[PDB]
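In what follows, one protein chain appears twice in different forms, each by itself as structure tokens: structure 1 and structure 2.
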Structure 1
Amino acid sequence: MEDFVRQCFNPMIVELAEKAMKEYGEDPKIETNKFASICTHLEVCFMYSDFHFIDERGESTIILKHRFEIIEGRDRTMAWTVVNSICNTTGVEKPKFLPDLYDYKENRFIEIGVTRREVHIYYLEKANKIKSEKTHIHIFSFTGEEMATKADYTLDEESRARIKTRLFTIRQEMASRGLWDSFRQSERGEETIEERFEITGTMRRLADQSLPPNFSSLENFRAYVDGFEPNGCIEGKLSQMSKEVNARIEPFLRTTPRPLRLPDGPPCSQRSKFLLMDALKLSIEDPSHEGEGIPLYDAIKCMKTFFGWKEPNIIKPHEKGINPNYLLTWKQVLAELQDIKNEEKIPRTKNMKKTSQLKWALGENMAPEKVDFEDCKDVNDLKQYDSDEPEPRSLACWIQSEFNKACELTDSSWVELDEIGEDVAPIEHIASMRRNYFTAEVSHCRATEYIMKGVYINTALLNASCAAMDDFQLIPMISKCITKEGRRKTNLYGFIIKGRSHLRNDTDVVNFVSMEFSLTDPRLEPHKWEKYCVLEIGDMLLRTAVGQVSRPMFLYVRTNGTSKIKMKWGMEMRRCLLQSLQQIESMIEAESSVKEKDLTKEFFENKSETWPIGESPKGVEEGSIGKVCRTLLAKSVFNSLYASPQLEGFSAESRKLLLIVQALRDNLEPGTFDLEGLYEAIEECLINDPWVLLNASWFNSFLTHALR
């Protein structure tokens, strides 16, 4: 029947009918009666609308403003927007359902209906459905019977006769082919939309293959599940199940936990991007010279104020490194600085000459050339990249001393926080005084010095790497502090030569060479300086309390590397402050609600309340709120500095053990299922990271002091 409609109706009409019928997910080869009905309706609507225009006077004419605007055949959105526009302009009532035509001469919507049964039934049905005495309804029949609203047939007798003869011809064609019976009998359900989604072909066989073992086809499985009822299947299967499949609760008594088993090997060495406790800084007081903000000029002034430079020499060679290259790099830095000092208009930034020493130190031309595999098939000596595990390293005593130093109180302020709005609410005043306490106790902590140092270094490295990708750039490690006298002081820790920084992935690394002044003899703890190559670069005349003492001043020179993510999280190191302060504040609040008053002054000034924070040969030691705040800040800062997968894994797998211990101390009768498995999981994360090893030792001490 689709062929007949295609061969009879106009191509425009057939295409429009197909478009209208497909909008609701209808196929035109199987659902053919609806297709023919839509085609006939569209043809009747077009003939009704066509051949009728409005003259400039405003009267109907037959051969310019069209008399009838067509609304049928357009998409739902297009039809509804045209209807809305006409309704808004002409001011007529908005039809509840989508009409077919609009008459401008009388300004009303007209519904065109083509039906096969008697006209009165269809007219009554349509009138009841629309239920509005504002839109005209015109029913046409293939038998030659037409009915209108109030018998008002606006179309001229000639047009109605033409439509009637067209419908009669269509009906005669239907009858001649012996298909008018189905066409007449299918009209009842044409208005109903039935969804079809049948699995056939490849997908049917795929479904047949996705069933439990004892099924052969999807319909069989569907029939089985449809008739499925529950009768003791779970109980029977459980009875058949072996009793060895169980979850035995092993009590977690005070004698159950055991210390973690730290790894064995050579002591772990320092891996920070810069010295923490061994760093020496050359300082200038109240910088008011030329520049005052450019790192190079500040470095120049810092180096100028110190007299006593001597010939550098290797004292602690890097075992795997070419120490002469490090020596020549330091000499080249000194020569470049002198050359710049010679010139008048020193630039904001400097590029170091790509000498051989910098070529080797910065790892230039070390990566094998990358070639697409299509042109690498003929090579017979290919080997997969190594994926060996990290070398185990034992816990060393220097990391504990470094953490102890990081928690110390400093004389000079290290962060000068910005202003905020005026305080009006009482809560605002309480916040202000508590913030004053926290800032006083935190701005004078060495952890804040490390925060500022790392933030500045990472920011400068990122800026240099992105701005200059092909230049070996010199970056002095500059920091700003305020001494106990309140005078701005500019400190220089050394220099960083940044190599090529063509970073594409977040994990790509930039090699650089760090040279840091120090007063720590590398031979006291050589294992701590495995990767460095320490030089004795001067003799510093320190002003001791008793008097003046001459001490050697060394330069720790090493090659390090960092990535875009590492630099990014280095810039965001001030957040560490919050991680402590928040907690500290909570603690204070956690006590204040108990005493119905703010205990900040009591906690900070009188130091009446102390928390167990340190271990001594005498025993566990209690520190005041300030000490706890500094300890938490240092812990967070070291987390930032010594971040690694090992730290994350250890924290994740040890929070469970900490919570179990807390439950045991709460007399909640804690229980475990594979506590040995948990211990193995925790110990798998301790390999070589000094920070992780220190944390594991800390956890062992906590377990020892908490089991009792």
Structure 2
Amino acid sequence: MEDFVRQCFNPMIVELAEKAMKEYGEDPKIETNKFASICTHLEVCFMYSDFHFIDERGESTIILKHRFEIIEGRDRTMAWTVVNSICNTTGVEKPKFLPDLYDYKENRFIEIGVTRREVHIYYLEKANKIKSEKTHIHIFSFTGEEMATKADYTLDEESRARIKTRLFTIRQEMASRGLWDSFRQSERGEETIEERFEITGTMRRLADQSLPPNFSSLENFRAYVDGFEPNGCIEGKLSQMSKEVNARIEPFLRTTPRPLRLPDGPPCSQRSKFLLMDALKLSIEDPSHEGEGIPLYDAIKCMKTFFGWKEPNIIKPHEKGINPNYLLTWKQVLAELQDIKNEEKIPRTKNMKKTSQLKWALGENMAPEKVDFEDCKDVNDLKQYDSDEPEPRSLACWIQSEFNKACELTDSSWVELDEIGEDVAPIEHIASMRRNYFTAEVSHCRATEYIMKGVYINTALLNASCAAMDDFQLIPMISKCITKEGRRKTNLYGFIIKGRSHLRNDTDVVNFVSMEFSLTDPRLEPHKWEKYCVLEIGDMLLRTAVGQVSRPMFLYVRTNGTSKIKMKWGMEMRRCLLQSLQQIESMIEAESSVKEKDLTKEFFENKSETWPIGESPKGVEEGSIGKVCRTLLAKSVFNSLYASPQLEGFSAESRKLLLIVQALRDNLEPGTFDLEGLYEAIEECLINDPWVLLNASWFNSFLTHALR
């Protein structure tokens, strides 16, 4: 607003307005509405008296002597002197108040005013104020309106149009700058008033009640603050408060730290969505059959490649569920498979008939009814929702074995990344080299199998959920792969049955039952599969040095739930790839900086440099670049699969201890104040998660190594 006034008008007029206001002891920086009003006043005044002159014969002319004389731009004494001189020389009568301009051709004092409101009202106010018929009045409006006595407008149409248009453009610019409203508001009759915002009524009492103890009124507090000067208040307070309020540095030197204590209890149980290291896949090396591509056709063809369907029987019971209903679900799945096989008209999707076993398996209608508390307030059994402490558990070795099997390679390639533009720049070529090396490093790793399997599972689940709103859809768990012979192989891990998919929010859950084939025996580690139901569904011949040995082929059935957000997070698992690379490339680049040359080949093909990437009874184990590549990829993929709040809490509260110990290693003489508090905060995060307990064990091992 003030900046707009300074920029839009001639700077000299700004100076005149500043002087005129300063005559009254005002600062424009505190009041700008008056400043803008005065600037507009001076601008319109000087516009009125411009380009007018008196000819030789006395007639008016446009370009001698100025026909109009300005009085408003001058001081009080100067303006009064000039008006008196005009009165004496031309014998004019003294107006009761100081005019703005003097017209020589008609010899009369004309007052001029620019009004933000209607013209007529301002005309009436001016007439009532002056109370004299010897002064002409000319009122302009920013909107394009004007008025004067008898409509005897002194100027010609051209000059009136110029003034109208200048004011109109000023109004448009003020409006477009978001200041027109305040400008129009500040005009009150014939004066411009400062913006007012005073605390009265409710806020007065509230402020009286929101002050320090030794004050009673907001005004008293303001007076105290205004008159305050810094005289050793802080020094006196420090000299008063007891020494017990202090931050003491506790030395931290090679002996203080201790391992993190894991929670005691029974061994922890698997909780992954799907089987990871115990899965079995029915394979077709080349799907070259009719109607290929549809998941149902591929699933059926994979099914037909296996024989050994024997009568299933509960092996590891669902301790909480109803095992015979799971058995009946599997039997219905098989029967529907045979039926569709003999139909000979396999459609794109298969919808399962609703049944007692299906409805119970997917948790259909097993939910307490909602009632008003007052209606059932007399129930003795009524009690707040159970939200007690989760059962502490113990780290079980199955997690370590799963991770170890995750960070190892496979027989085929589990990634088919898409194409990019041809490399031209040399850096593009180096990037292609590095990307291809990393891809070959982890194009077959197990974690990549997990990524592809989960991606396909969740994609099919969500697509069926949207397409089949109120049907039970049978979704085979299928994956594609490239064998060492370079053949498009298809693998069937199992089947999934989805319940009601009338999903509206991103957190409400759809319940499904997943039946994954397997070759492990749950009875070996029952606590691992305490959420699963296992049916020995067949026998499979496995080849070994002693020929073909028959083994029992199991089928883990479980009931799970997935939310839209969880399905999306499942389909995002491929991003895990990037994470791994982003941690190795930096290292590569780092060494390049210290060597001033590329190091992709001397790292991805030297196979001599190593990093400590594990533990063994002999000591610490060192691994090559590929070992670290797949280790980090597996860690990222598992973090995706075993995400839990306790994981992030422990990570955040353990980073601090990591940094403290590292600072000690760098000989920086670290110190701490309440280290036991940090230990307690870290320990609070270890309750039940297998992943978090494993990470805690890893940190204990690392601390043990680093301390020595």
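Rigid core: the largest C-alpha set superposing within 1.5 Å between the two forms. Please note that residue numbering is based on structure 1, beginning with 1 at the start of its sequence.
The residue from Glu684, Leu262, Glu190, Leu280 that marks the hinge of the rigid-body rotation between the two structures is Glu190, the others lying more than 12 positions from any hinge.
Domain rotation between the two structures, with the chain taken as two rigid parts and C-alpha atoms superposed, amounts to 141 degrees for the smaller part. For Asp381, the displacement of the CA atom between the two structures, after superposition on the rigid core, amounts to 6.5 Å.
If you overlay the core, the Cα of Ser269 moves by 0.5 Å between the two structures. Relative displacement of the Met147 Cα between the two structures on rigid core alignment is 14.2 Å.
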